[PDB]
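Structural description and commentary
What follows is each chain in one-letter form.
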Amino acid sequence: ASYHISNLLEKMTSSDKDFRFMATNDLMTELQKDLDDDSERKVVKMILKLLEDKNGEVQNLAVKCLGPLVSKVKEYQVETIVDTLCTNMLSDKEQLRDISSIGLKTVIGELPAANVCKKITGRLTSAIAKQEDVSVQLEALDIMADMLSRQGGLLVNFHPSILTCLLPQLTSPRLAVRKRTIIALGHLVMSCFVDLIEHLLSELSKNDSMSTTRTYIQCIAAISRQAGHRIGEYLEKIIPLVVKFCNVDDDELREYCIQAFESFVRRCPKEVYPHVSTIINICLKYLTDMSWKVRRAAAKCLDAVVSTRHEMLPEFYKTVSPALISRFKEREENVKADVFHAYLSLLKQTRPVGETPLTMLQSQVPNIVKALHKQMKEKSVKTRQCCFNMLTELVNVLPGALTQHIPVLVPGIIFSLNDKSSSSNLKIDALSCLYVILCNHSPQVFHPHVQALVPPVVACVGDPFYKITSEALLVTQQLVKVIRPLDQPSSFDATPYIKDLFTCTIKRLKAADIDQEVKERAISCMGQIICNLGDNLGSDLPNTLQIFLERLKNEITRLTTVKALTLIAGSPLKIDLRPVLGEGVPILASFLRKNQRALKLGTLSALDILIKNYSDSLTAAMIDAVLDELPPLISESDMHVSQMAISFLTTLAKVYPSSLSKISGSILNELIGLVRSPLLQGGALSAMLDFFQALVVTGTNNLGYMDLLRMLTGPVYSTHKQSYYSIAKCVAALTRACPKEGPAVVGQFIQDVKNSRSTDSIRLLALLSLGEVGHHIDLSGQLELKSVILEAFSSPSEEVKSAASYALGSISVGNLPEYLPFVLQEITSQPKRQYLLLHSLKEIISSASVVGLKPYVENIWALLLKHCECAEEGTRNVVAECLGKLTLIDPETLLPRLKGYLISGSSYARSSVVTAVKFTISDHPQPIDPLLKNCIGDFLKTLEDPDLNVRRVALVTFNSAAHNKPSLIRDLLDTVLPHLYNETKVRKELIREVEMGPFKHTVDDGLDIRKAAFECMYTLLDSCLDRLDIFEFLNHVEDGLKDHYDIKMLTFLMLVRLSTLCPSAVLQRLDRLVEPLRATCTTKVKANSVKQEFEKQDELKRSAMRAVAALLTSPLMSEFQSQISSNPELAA
Amino acid sequence: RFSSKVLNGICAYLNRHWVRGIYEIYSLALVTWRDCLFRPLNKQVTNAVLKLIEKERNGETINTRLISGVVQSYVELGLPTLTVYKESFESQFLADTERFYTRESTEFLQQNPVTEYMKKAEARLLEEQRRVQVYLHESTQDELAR
């Protein structure tokens, strides 16, 4: 209220220190939360008067309040406040000047108006002029730097004045002033207009000719660091100057090294590396004080060289760079650490994504260890830590490097570990390096060092620090496997190490409220020891094992305990776990209830391995409890758990078939339900088939073959295609389990033959089952199969026909000599059915054994060649696919023939042969890799000139190869680029038009090729942009912007995708890229047109807007008229 | 469609002579086409496309013009009106894509780490966005996005 502010103002000039700190706080609180003009003026005047007081607390409170005050006030108040602050800043009182500077800084920070900034900048420009006082100059420079850091978008027409006023400060006698003006110029460089940078660079270049003044070099480095992309065009005029000035005697190479490093880090594109590489190499060597930091800068300069550039790895290796780096390893710590870091960066860059880099690195390995040997005797912990890190990195980058150096390196590790002055970090690093070396080296070069490696490890195990204990436990676990590797034979008496290693481990087994990591490491070490050296342990093996039970109750070490049990169960050695089986198996059954995928899998695997290894000692009691948790685990929600459960059930049935009458409760129902699961695929299907086969072999009441068949195909007699496949495969597997199932085939034949009282589903299922069961057994013995199959081929629906064709193809694999010729002659016999029979043949080549298919190859090839030239397009496609599939076998015998057919083949033959090889490409590696790579050359290069269909098929094959395997078109991309670019051009000879009135319709016979070319161009962006040029690539896209609707959308999507890739090229031509796009967007729908055209043009316009919006992330971009203004909100 | 448009242009005079399925010539042609599509013929064509898209995800090159024309014909029918397009191909296509992607993700995660899974997820999402922007309706963009 008015009275509130009136009394606050009255009490503000109270003359009591505490009555002028409460009123100000109340005013600040009231202003912070969301006031007449007279009240505003009065409060502003009071605040300004109070800004100068005889107490610091009130002054600070007023300064703080000045910030929020400007947040809600008119412009005139801010203008007058700024004016009075600037006038006070000119006063000779230091306190008032500091208060004004702080207030102005706070006001600037509060701000994100324009007039205030202009006035402030003008005042600073006027004040910064050459003056006797220095405090005001420094304050103005600080304010200007803060403003530039905060705001750098406005004041475009003030940059030249600021630069001119700041330039004289460069030659100031005070180094602080020089640094401040350099920082201010660097900050202002970001704001700027663009024409000022060239003038500044020219001025600096002409002023470089000066006496011993390092200010210019510092300013150059600062501006380069603040903006490297704007200075890359003037390196040729700067590099020579620094190169010539490097010859001076005074110690000033630090700035040259720093600016070289900055240029290397920021500006990657340049070819002056060797010019300065030798200079840096010679600089790092000389020494004679102030000569250490120059060496440090020289050493650090190579960090950018070794990190950024990667294609130049071999020239680094061949040069003397690594040699000098390794040689200079016996210097002071400051430069030694930087040398270590630089070589570590080089090693990291060595790892990639005549001689390879790895081979060259190994040759120098002997020169490194020796250089580090003396470093192992240094008393500085930093040097030892650096050496350990270097050894770890060298072992990690490539194993098998330090094979003939273990004898000379182990003593250093032992000496470092035994040292009392070694810190925890040094010991941890040494232990990690030792573990890495042991885990990446052959066990055969560590037996002699066991006596020198076991005592120190045991000693390190007994350490109050927990990380060192964990590292020692890990080292012990690794040594347990290294000393007695079960994968390979060994001969070494390790018995003397059995006691101590156990003593240091069992003592750690009893956690007693210890760190979880320590408990896990101890459990893992104990499990590994039990698994490996289980026979050596005497009477201490059983009791300690009992402790594992105590670890199965708490959830802190449940996963680790389960993993240890699983590892122990599976091992060549025979370990007695029966005493903990009866009490152990039930507990595991309790882990399947709680929702834990990892725990569930671990416990399932543990139970499976325990049952497999220990089947003689089992009881139905715990088995019943275990089986109770299966029904809620086999479900379509999770597939990984279902496979594990199926495998566990199969193992239990195999090694314990007695307890099979309890699963009938719900497990069988769940399995039956999962059989018809659409997601049933992968290893789960194989596991279920194996389980069914094992169940059939075992045999149980109510679970016989007939019962299984009735349960499986019960509902069908009384929906997804994968369900039919699963049922058919299960039926085939069950039939295979019983080699005497004669009645089943005759029953299926009778059911299929009876057209009446048999819907499509039953016939489909019967055909699928017959096809699945006729693969692994011969059906030639039973007659009446071919007749019924041929009769079923002719049906109204297509699913039944496809199923019959698939069944015939699968059956033909069984007895090739009796089935293949029959279908071969039948194909030529009837012309109205071969179209189906050919499809069946497609299965044979994909299902029949190659060794058995060798004799019947010439006939198939001749038939395919004879049928290659056919009027039907579908038949041509089928024969092309069959030829492509057959080309996989014996490529060395067919590839030359295919090459020959291209010399005098017809258009249809050429199209068929090129289509055949298209399907040969697969994502995964194939043995026809080099053969196809060599063969595709002439196929892609000299087969796009003559014909149109040949061109289309060649383009389709090229696109398919690029999408699947782009390595084949990697070495010949340029050889085919001209043809692909030519194919993109539009031809007006292949555009027919028919007009029969006002309406018009244009038909293009060549539009298919253009779409294929555009798709190939788009798909080529995956991993080929680094090779193909950009300027020659976007010209055709620019031409194609004005093309068909589908091509228009494809080009728009191409442009959208190109926004994040090489934006500089897109920005350099945005004008001409968008001009056709603007012309298209300025199009109007033809009058008196159907709604289809309106909608089509609407989607085209929306796509164009999306493309331009993506590209944006000023050629008359502001064209928002009355109507179009309502469109963008629908796009964003 | 060209013949229907020509006939409508010819006999607009008669088209503007009644006082009031639909009596419009273009509407009559569209109704006739919808009836011709209602019969089980569509069950083949609508099914056939489901293979082509699948082949597009198996490393094979398919003809986008045919699918584009089929989708255009489906959306144009139903007298924009997307009832037929929504109840004929949208639901089945979405279910097929869900099932295929779930199976692929399960198979990959069964024997591959998570970084590769993330990379192939990016690849598949980019390919799906390309397909939607190329030969699918805009209204479905969000539907298949989330």
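Residues numbered from 1 in each chain as written, not as in the entry; some residues may be left out. Chains lettered and ligands numbered in written order. Part of a larger assembly, values for the part shown. Heavy atoms only, no water.

1. Describing the overall build of chain A
Put simply, the rule reads: In this description a helix means any DSSP run of H or I spanning at least four residues, a strand means any run of E spanning at least two, and both kinds are numbered starting from the N terminus. Relative accessibility decides the category of a residue: with a 1.4 Å probe and only protein chains considered, values under 20% of the type maximum give buried, values over 50% give exposed, and everything between is partly exposed. Residue burial considers only the protein chains on display, and all accessible areas are found by Shrake-Rupley using a 1.4 Å probe. Note that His is not counted, nor are the chain ends; the positive residues are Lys and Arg, and the negative ones are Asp and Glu. Positions of charges follow a simple convention, taking NZ of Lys, CZ of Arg, CG of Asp or CD of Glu.
Scanning chain A for helices and strands turns up 58 helices and two strands. Across the 1132 residues of chain A, 48% fall into the buried class. Put simply, chain A shows about 57100 Å² of open surface, and 56% of that area lies on carbon and sulfur atoms. Charge-centre separation for chain A: the mean point of 126 positive side chains lies 3 Å from the mean point of 127 negative side chains.

2. Structural notes on the environment of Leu808 of chain A
Residue and element names in this part refer to chain A. For the record, the criterion: We call two residues contacting when some pair of their heavy atoms lies within 4.5 Å.
Looking at where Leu808 falls in the secondary structure, it is placed in helix α41 (residues 799-814). In this structure, the C-alpha to C-alpha distance between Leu808 and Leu768, residues 40 residues apart in sequence, is 9.9 Å. Beyond its immediate chain neighbours, meaning those up to four positions away, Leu808 contacts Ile789, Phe793 and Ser840.

3. Examining the pattern of salt bridges
The line we're drawing: Each salt bridge in this description consists of a side-chain nitrogen of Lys or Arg and a carboxyl oxygen of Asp or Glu lying within 4 Å of one another.
Inspection of every chain in the model, using the stated rule, returns 35 salt bridges over all chains. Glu139 of chain A is the salt-bridge partner of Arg97 of chain A, the closest N and O atoms lying 3.4 Å from each other. We note that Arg97 of chain A, like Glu139 of chain A, is buried. Its salt-bridge partner being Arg521 of chain A, residue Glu517 of chain A comes within 3.1 Å of it at the nearest N-O pair. You can see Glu517 of chain A and its partner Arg521 of chain A sitting in helix α27 (residues 516-532), four residues apart, about one turn around the helix. Connected via shared salt-bridge partners are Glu56, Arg57, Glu128, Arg130 and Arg131 of chain B.

4. Side note on the nonpolar core
All names here are of chain A. Going by this rule: Here, nonpolar core means buried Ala, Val, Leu, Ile, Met, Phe, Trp, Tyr and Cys residues that are tied together by side-chain atoms lying within 4.5 Å of each other.
Ranked by internal contacts, the top residues of the largest apolar core, which has 152 residues, are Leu577, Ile663 and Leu785. The residues touching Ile663, leaving out its near neighbours within four places in the chain, are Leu627, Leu649, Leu668, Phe691 and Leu703. Counting 65 residues, the second largest nonpolar core, distinct from the first, contains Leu313, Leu361, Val410 and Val457.

5. What about the packing of helix α47 (residues 891-904) of chain A against helix α49 (residues 929-941) of chain A?
Residues and elements named next belong to chain A. Convention followed: For helices, the fitted line uses only the C-alpha atoms of the stretch in contact; every axis is such a line through C-alpha atoms, and the angle between N-to-C directions lies from 0 to 180 degrees. Roughly parallel means an angle under 35 degrees; roughly antiparallel, over 145; roughly perpendicular, 65 to 115; everything else is oblique. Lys, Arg, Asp and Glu make up the charged group, whereas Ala, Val, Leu, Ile, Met, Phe, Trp, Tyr, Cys and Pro make up the nonpolar group; the residues left over, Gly among them, are polar.
Put simply, α47 and α49 touch, their axes get as near as 11 Å, and they point 5° apart. Here α47 is positioned roughly parallel relative to α49, judged by the angle of their axes. Seen from α47, the contacting residues are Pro891, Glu892, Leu895, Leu898, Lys899 and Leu902; seen from α49, they are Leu931, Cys935, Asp938 and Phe939. Looking at the contact of α47 with α49 residue by residue, the classes come out as seven nonpolar, no polar and three charged.

6. A word on the packing of aromatic side chains
All names here are of chain A. Test applied: Two aromatic rings from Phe, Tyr or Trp, using only the six-membered ring of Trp, form a pair when their centres are within 6.5 Å; if the ring planes differ by under 30 degrees the pair is stacked, by over 60 it is edge-to-face, and anything between is tilted. We call a charge positioned over a ring when the NZ of a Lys or the CZ of an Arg lies within 6 Å of the ring centre and within 35 degrees of the ring normal.
What the rule picks out here adds up to eight aromatic pairs over all chains. Look at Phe492 and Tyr497: their rings are 6.0 Å apart centre to centre, the planes differ by 35°, and that puts the pair in the tilted class. Assessed through its relative accessible area of 18%, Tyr497 is described here as buried. Relative to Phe692, the ring of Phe691 lies with its centre 6.3 Å away and its plane at 50°, an arrangement referred to as tilted. The class of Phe692 is buried, set by a relative accessible area of 2%. Above the plane of the ring of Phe340 lies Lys329, whose end atom (NZ or CZ) is 4.9 Å from the centre.

7. Topic: the packing of helix α40 (residues 785-793) of chain A against α41 of chain A
Residues and elements named next belong to chain A. Let me state the cut-off plainly: Each crossing gets its handedness from the near helix: less than a right angle anticlockwise from the far helix is left-handed, clockwise is right-handed.
Following both chains from N to C, one finds α40 and α41 inclined at 150°, their axes separated by 9 Å at the closest point. By the angle between their axes, α40 is roughly antiparallel relative to α41. Regarding α40 and α41, the two cross each other, and that crossing is left-handed. Contacts between α40 and α41 pair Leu785, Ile789 and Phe793 from the former with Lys801, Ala804, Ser805, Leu808 and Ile811 from the latter. Taken together, the residues of the contact of α40 with α41 sort by class into six nonpolar, one polar and one charged.

8. A word on helix α45 (residues 858-868) of chain A
All names here are of chain A. How we decide: When we speak of the arc, we mean the arc of directions from the helix axis to the C-beta atoms.
Within α45, the full set of buried residues consists of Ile860, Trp861, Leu863, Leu864, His867 and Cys868. One side of α45 holds all its buried residues, which, seen down the axis, span an arc of 165°. The outward face of α45, more than 90 degrees from its buried face, is lined by the exposed residues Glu858, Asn859 and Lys866. Looking at the buried side of α45, the elements it contacts are α42 (816-829), α43 (834-847), α44 (850-853), α46 (873-886), α47 and α48 (907-918).

9. Comments concerning the interface of chain B and chain A
So the rule is basically this: Buried surface area refers to the total accessible area, computed with a probe of radius 1.4 Å, that the two partners give up upon joining, counted for both partners together. Two N or O atoms form a polar contact when they lie within 3.5 Å of each other; inside protein one atom must be a possible hydrogen donor and the other a possible acceptor, and for residues adjacent in sequence the pair counts only when both atoms belong to side chains.
At the junction of the two partners, chain B supplies 33 residues and chain A supplies 34 residues. For the pair chain B and chain A, the summed buried area comes to about 3100 Å², and 52% of that belongs to carbon and sulfur atoms. The interface formed by chain B and chain A holds one salt bridge in total. Measuring nitrogen to oxygen at the nearest pair gives 2.6 Å for the salt bridge that ties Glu138 of chain B to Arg1102 of chain A. At the surface where chain B touches chain A, the tally comes to six residue pairs in polar contact. Going through the elements one at a time, α1 (2-10), α4 (41-56), α5 (64-76), α6 (83-111) and α7 (114-135) of chain B are the ones with two or more residues in the side of chain B that touches chain A. A breakdown of the residues in the side of chain B that touches chain A according to their chemical character gives six nonpolar, 16 polar and eleven charged.

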